[PDB]
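K.L.:
Please find one structure pasted underneath; my questions will follow.
Here, each number is a calculation from the coordinates, and none is a lab measurement. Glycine also receives a Cβ, built like all others from the backbone with ideal geometry; neighbour counts cover every protein chain displayed.
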C-alpha cells in the first residue's frame, strides 16, 4: 500500500557529528524508531545473527 | 540497587524478579535460505513460528 | 601428489576460470558530501576542527561489497558451496559529481619569488626576506582509476647519497612508489615531488602543497603488473599552460659556468656597473589550468566494462573495489565572512569582518555488478592461492574445524570495572594489510538491489543491453 | 576442505556383537569428614567427606592388542578398534544416613526468624553452629573429565579501597576427585571471596564448591565430557540467621514500599540499624531408598551428544556425588590409663571418621573404525591423540644420521658425551587428581558369571548357552 | 633405512583358559507340577527393648 511517500525520503547524514561547526544533528526530530514498547524495560536478546 | 548517591554501581538482581526477555528475530523477508524464490515478494510475506 | 598439468607457469585471464552468470545487481552511494578548508586543516587543541578538503586531492573510495557466499538470490541451490565460490564482477560504473564547474586559486603569503623575468625593464638585486604574496590557478587534471586493489602513485623523494655532503648541498632525487590514499595531493604543475623533504625553505610553492607530497599515478607500473588487479580501466584529462615567468631568491647552489661566448649572462658583465653579479637563474613558471568546459567532462557518464586492460577482467576479488577520482574542474573555494557579534556599526571597517574560506565537494557513485561462479578444482585452487592467499583463506574453503573449538566468552557489559580487560586488543584474525592507509571507506553491503530499471544507472544499463523490465500492466 | 558439521559416531564407528564385562573389586576409602590430618606436611588421615566429587578415571585395556582367536572380522592394516560403553552400574555399600558439618567460630550474630526484642553488637560475636547440607546425588559418565562452574574473584577495571566487595566471575574448571559439591551456600570460591574464614562450615571454609556445568557440557561440539547424566537435589531453609561485621553497603535511606524516608529516630533502641546481611542454614530433608539413583544398572542406548558412548583413548570418567550416605562415625579412645571407675571428659579423646564404599561395573561393546582418508581427517580434527595412540599417522619423515659413537665415553682425551636427555612426557591430565581405577586386567567375556552381565543378558533377551 | 628396533609387545589373551562357567539352576534342576504349602503357627516374642 506504500508508494512510499510522494516526496523524497533521502536523509543527508553529516560526517564528524559531534562538532560545533555543523550545528546541530543530535536526536531532535524522531524517525521510524518508534517501538510502542519503548517505555518498558526488557532483557533484550538479539538473535539476528544466531540463526 | 547500589549507588554512590547517583549512578548505578551494582544493579538489583534477585531470584524473585520477572525475567522478561525480548527476543529479536532476523527479518525473514531479507533472508538467505537454501533457495529463495519459493515465495513471491510482490504477493507473499514470510514470518517465523515458534516450534 | 598433484597430477598433470603441473602448476600453471603463466598468468591466465579471469575469463578462463571465472564463470559469469546472468544475474546483475545495482549498488549506489546516496550522496557523499565533504566540507573543509582548501589550504590547511584548522587545528584547535591537538584536534582537527575543520579538515583539509580541496579539489587538488586524490579521492580514493574503498567500496565494500556484500559477501556473495552468504546471499539469497531467486534460486536455492544454484551453486555448490563445497566446490564453488561466488565473486562479484564490476560491469558498469558511474561517478556523479554535484557542484557547478569552476576554478579555485591558491597561494603563499610569503612566496620565494624575487622578480618577474617575463619582461624585465632593467637589472636589479637581492636583499633579506624578498618574499611576496603570490597566488595561482594550478594545472587542470581529471582522472578516474578503477581496480580491486588500491592505486600505486609515484613521486620524487630524498635519496640517501653514497657518501656525505656539506650543509646546504642539493638533496639527491629518487623515484618513490607509494600507494595513493584519500587526501593525497595531485601534481599541480610544479612536478610530482616531496615538498616537505626536498624544499626546506617551506616557501617555494603554495600553502596547500608546501608541506606535503604530490603524487602522479604510476600508469607504467600499474598496467605492467602481472595480474592487472590495481587497474581495470582509467580515464585521464590534463591541461596546463605557463602563465607568468618568475625567479627565486636565495644562495646560488650551483653557479652558471664562465664558458659560452654567444649568451650575455656568461660573457662577464664587468664593464657594466649593475650587471657584475648574475641575477638568480633559478627560474620557475606559474602553472595555469585553462578554461573548464562541460563538453570535456570525464564524469557524469556511465562507463561499461567490456574488457579490462590486464588479466583481471573486472573481478572484485576479496569483495572490494577501489575508485580513485581527481577533478580540478569544480574546485571553487567559497569565500564566506562573518561580522563581529554586535553588527551595530553602520559603517564599513576592515577590523569588523572576519573572513574565512571553505570548499564543498559532492559525489554520488552508482555501480552495476554481475555475479560470477568459480568452481575450485585442484589447479584452479592452486592458481587462486599463488595469485593471492587471502582470497582463498578469507572464504573458508579447504579448512576443517580445528580440534580446540571457537566458543567465544562474550560479557554483556564490556566497559564495566572488574571484568579483566575489553578482551579484544590484538588484531590477529582477518586484518587486511590496508590498516595503515586512509581511504574514503564506502559501505555498500545494504545497498545491493536486483531491481535495475528503478535506478538511473540501472536503466542506462538496460538500454545499453537492449532489455526492458517485464510489464506490470 | 575436509568437513564441517560434527557427525554422530554411529556413521564411522561400526559396532560388533562382542560384549565384555569389567568391574572393580570394591573401592573403600576412610578419612576425616572436615579436614585432612597431617603431622606437619605428610597426610596421616585424608579428608574423605560425603559431599565430595568422586571422579573415577577408568583405564581400559587397548582393544587393538587383544589376541582374538579369529581376527578375520577386522583388518589391522585399515581398521582400528575401540570400546563403547553400553551398561554401567554404580554400586554403593554403606547404609543411608545424614551427616552434619559446622564451624566452632561461625560468623552468625543472632536468629532473625523471630526476634523477641531488638539487639546489640561487640567484637567476636561468632558462635558454634552446625548444619546438615543440601542433599545431592549425581552421576556423570563421559570419555573426557567433567566441567564444573563456580563464582570467583576477578580483577576490577580500576583500583578499590581496603575492604571493598570483590567482583564476581563465573570460572569454569575441571571437576576433580575430592573437590567439594555445592551444599546450599552457592558455587563459590570460599578461600578468595570470604576473607573472614568463618562464613561457612569447616569442610568448605577454604575449599571451592563447584557445580557441574550442564549448559556447557551438553553444548560442546563432540559431546565427550558427558554422554549420560542423572541428578537429584533437594534443600529447604532450616533457620534464618544474620551476619556480624562492618556493613559494606548501607541500606538506602529511602523506603520504596511507602515512598518516604525512614529512620528509627523516635525509638532510641532501634536508631543503629541491625545487620541486613542474612543467610539461611540449608537442610537436605528425609533421605529415602525409593529416591535412590545408585545401585541400579543404566543401559546407554542413545547418548545425549554425537558421541554415542565411544570410549576414545581407552579412558572413561565416572563422576559421582552421593550426599545420602554421609554418616560420620564418632570414635572415642580412652587415653592416659584404662583403669578409672568414674567418667571424666579429660579421660576420653573424641574423633570423627567417614567411610565410603563403591563398586563399579560396566558392559563394554567392541566396535571397529575403518580408517578411510575422510574418517582419518575427521578423527584428526576431532582429537590428534586418537591417531597418535593408534599406530597409523606420523609416517616417518627423516632419514638416518651418524652419531659417531665415541668408544671410551668417560675418558679425558675427548669432549663430553652426556646427551641422554628426555624423561617421558605423555600424560596431559597429570595436573589433575582423579580416583584412578585400573580395569586392564579385569575384562571378561563371560557375562553370565557377573551380576551386571546377567542383568544385561536378561535385558537383551540373550540367555546363556545350555 | 627403516631399522628393526625391538620392543616390549603387550598382548592380552582373554579368557586365559575356559574354566568352570557356573550355570543357572534351571539347566539341571527340573521343575514338577507338584506344589506344597507350609506355614508357621504364630511366632511371638516378648522381652525388654534395650537390654
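K.L.:
Criterion first (under 30 Å from residue D:387 (Cβ atoms), in a helix (DSSP H, G or I) and either more than 14 Å from chain D (Cβ to nearest Cβ) or more than 28 Å from the chain's Cα centre (by Cα) (or both)) does residue C:381 satisfy it?
P.N.:
Spelling it out, residue C:381 is indeed under 30 Å from residue D:387 (Cβ atoms), in a helix (DSSP H, G or I) and either more than 14 Å from chain D (Cβ to nearest Cβ) or more than 28 Å from the chain's Cα centre (by Cα) (or both).
K.L.:
Could you tell me which of the residues D:457, D:376, D:387, D:452 is more than 14 Å from chain C (Cβ to nearest Cβ), over 24 Å from residue D:319 (Cα atoms) and surrounded by 15 or more Cβ atoms within 10 Å (Cβ to Cβ)?
P.N.:
Exactly one of D:457, D:376, D:387, D:452 is more than 14 Å from chain C (Cβ to nearest Cβ), over 24 Å from residue D:319 (Cα atoms) and surrounded by 15 or more Cβ atoms within 10 Å (Cβ to Cβ), namely D:457.
K.L.:
Return yes or no: is residue C:432 in contact with a strand residue (DSSP E or B) (Cβ under 9 Å, 6 or more places away or on another chain) and exposed (fewer than 11 other Cβ atoms within 10 Å of the Cβ)?
P.N.:
No: the conditions fail for residue C:432.
K.L.:
Within segment D:152-175, is even one residue assigned to a strand (DSSP E or B), closer than 21 Å to residue D:235 by Cα and either free of Cβ contacts under 8 Å to residues at least 60 places away in the same chain or touching a strand residue (DSSP E or B) at 6+ places or on another chain (Cβ under 6 Å) (or both)?
P.N.:
no
K.L.:
Residues to consider are D:366, D:447, D:439, D:352; find the one that is away from every other protein chain (no Cβ under 14 Å), surrounded by 10 or more Cβ atoms within 10 Å (Cβ to Cβ) and either touching a strand residue (DSSP E or B) at 6+ places or on another chain (Cβ under 7 Å) or in contact (Cβ under 8 Å) with a residue 60 or more places away in the chain (or both).
P.N.:
When all the criteria are applied, what remains is D:352.
K.L.:
Please note which strands (runs of 3 or more DSSP E) are completely contained in segment C:282-370 and include at least 2 residues that are over 30 Å from residue C:388 (Cβ atoms).
P.N.:
Strands (runs of 3 or more DSSP E) meeting the threshold: C:284-288, C:334-339.
K.L.:
Could you grab me the full set of residues in segment C:47-81 that are more than 22 Å from residue A:23 (Cβ to Cβ) and more than 14 Å from chain B (Cβ to nearest Cβ)?
P.N.:
Within segment C:47-81, C:54, C:55, C:56, C:57, C:58, C:59, C:60, C:61, C:62, C:63, C:64, C:65 qualify.
K.L.:
Regarding segment D:183-195, can at least one residue be identified that is exposed (fewer than 15 other Cβ atoms within 10 Å of the Cβ) and over 27 Å from residue C:407 (Cα atoms)?
P.N.:
yes
K.L.:
Report, ordered by the first and then the second residue, all pairs with beta carbons closer than 7 Å, sequence separation of six or more or different chains, a first member in segment D:1-15 that is free of Cβ contacts under 8 Å to residues at least 40 places away in the same chain, and a second member that is assigned to a loop (DSSP other than H, G, I, E, B).
P.N.:
Between residues of segment D:1-15 that are free of Cβ contacts under 8 Å to residues at least 40 places away in the same chain and residues that are assigned to a loop (DSSP other than H, G, I, E, B), the close pairs are D:1/C:397; D:1/C:398; D:1/C:399; D:1/C:400; D:4/C:401.
K.L.:
If I filter segment C:396-417 for residues that are surrounded by 10 or more Cβ atoms within 10 Å (Cβ to Cβ), over 30 Å from residue D:383 (Cα atoms) and at the interface with another protein chain (Cβ under 10 Å from one of its Cβ atoms), do I get at least one hit?
P.N.:
yes
K.L.:
Continuing with this model, one more query. May I ask you to say which residue of C:52, C:64, C:47 is under 21 Å from residue C:210 (Cβ atoms) and surrounded by fewer than 20 Cβ atoms within 10 Å (Cβ to Cβ)?
P.N.:
Of C:52, C:64, C:47, the one residue that is under 21 Å from residue C:210 (Cβ atoms) and surrounded by fewer than 20 Cβ atoms within 10 Å (Cβ to Cβ) is C:52.
K.L.:
Can you tell me which residues in segment C:41-62 are without any contact (Cβ under 8 Å) to a residue 24 or more places away in the chain and in contact with a helix residue (DSSP H, G or I) (Cβ under 8 Å, 6 or more places away or on another chain)?
P.N.:
Answer for segment C:41-62, where residues must be without any contact (Cβ under 8 Å) to a residue 24 or more places away in the chain and in contact with a helix residue (DSSP H, G or I) (Cβ under 8 Å, 6 or more places away or on another chain): there is none.
K.L.:
May I pose another question? Would you check if residue C:38 is within 11 Å of another protein chain (Cβ to nearest Cβ) and either more than 30 Å from residue C:452 (Cβ to Cβ) or touching a residue at least 40 places away in the same chain (Cβ under 8 Å) (or both)?
P.N.:
So residue C:38 does not fit the description; no.
K.L.:
If we scan segment E:8-29, do we find a residue that is under 30 Å from residue D:400 (Cβ atoms), free of Cβ contacts under 8 Å to residues at least 60 places away in the same chain, assigned to a loop (DSSP other than H, G, I, E, B) and away from chain D (no Cβ under 11 Å)?
P.N.:
Checking segment E:8-29: at least one residue is under 30 Å from residue D:400 (Cβ atoms), free of Cβ contacts under 8 Å to residues at least 60 places away in the same chain, assigned to a loop (DSSP other than H, G, I, E, B) and away from chain D (no Cβ under 11 Å).
K.L.:
A further question follows. Need the failing condition index for residue D:118 against (1) away from chain C (no Cβ under 14 Å); (2) surrounded by 13 or more Cβ atoms within 10 Å (Cβ to Cβ); (3) in contact with a helix residue (DSSP H, G or I) (Cβ under 8 Å, 6 or more places away or on another chain), just the number.
P.N.:
(2)
K.L.:
Of (1) within 14 Å of another protein chain (Cβ to nearest Cβ); (2) more than 19 Å from residue C:143 (Cα to Cα), residue C:110 satisfies all except one. Which?
P.N.:
(1)
K.L.:
Would you be able to tell me the number of residues in segment C:391-436 that are farther than 23 Å from residue C:322 by Cα and touching a residue at least 40 places away in the same chain (Cβ under 8 Å)?
P.N.:
Qualifying residue count, segment C:391-436: 1.
K.L.:
Given the residues C:258, C:319, C:300, C:313, which is the only one that is within 28 Å of residue C:445 (Cβ to Cβ) and surrounded by fewer than 13 Cβ atoms within 10 Å (Cβ to Cβ)?
P.N.:
On inspection, the qualifying residue turns out to be C:300.
K.L.:
Moving to a separate point now. Taking only segment C:99-148 into account, find how many residues are over 30 Å from residue C:264 (Cβ atoms) and in a strand (DSSP E or B).
P.N.:
Within segment C:99-148, residues that are over 30 Å from residue C:264 (Cβ atoms) and in a strand (DSSP E or B) number 16.
K.L.:
A further question follows. How many of the residues making up segment D:205-254 are assigned to a loop (DSSP other than H, G, I, E, B), touching a residue at least 40 places away in the same chain (Cβ under 8 Å) and surrounded by fewer than 16 Cβ atoms within 10 Å (Cβ to Cβ)?
P.N.:
Total satisfying the criteria: 5.
K.L.:
Of the residues in segment A:2-35, how many are surrounded by 10 or more Cβ atoms within 10 Å (Cβ to Cβ) and either on the phi > 0 side of the Ramachandran plot or within 14 Å of chain B (Cβ to nearest Cβ) (or both)?
P.N.:
1
K.L.:
Count, please, the residues in segment D:264-281 that happen to be in a loop (DSSP other than H, G, I, E, B) and either surrounded by 10 or more Cβ atoms within 10 Å (Cβ to Cβ) or in contact with a helix residue (DSSP H, G or I) (Cβ under 8 Å, 6 or more places away or on another chain) (or both).
P.N.:
Qualifying residue count, segment D:264-281: 8.
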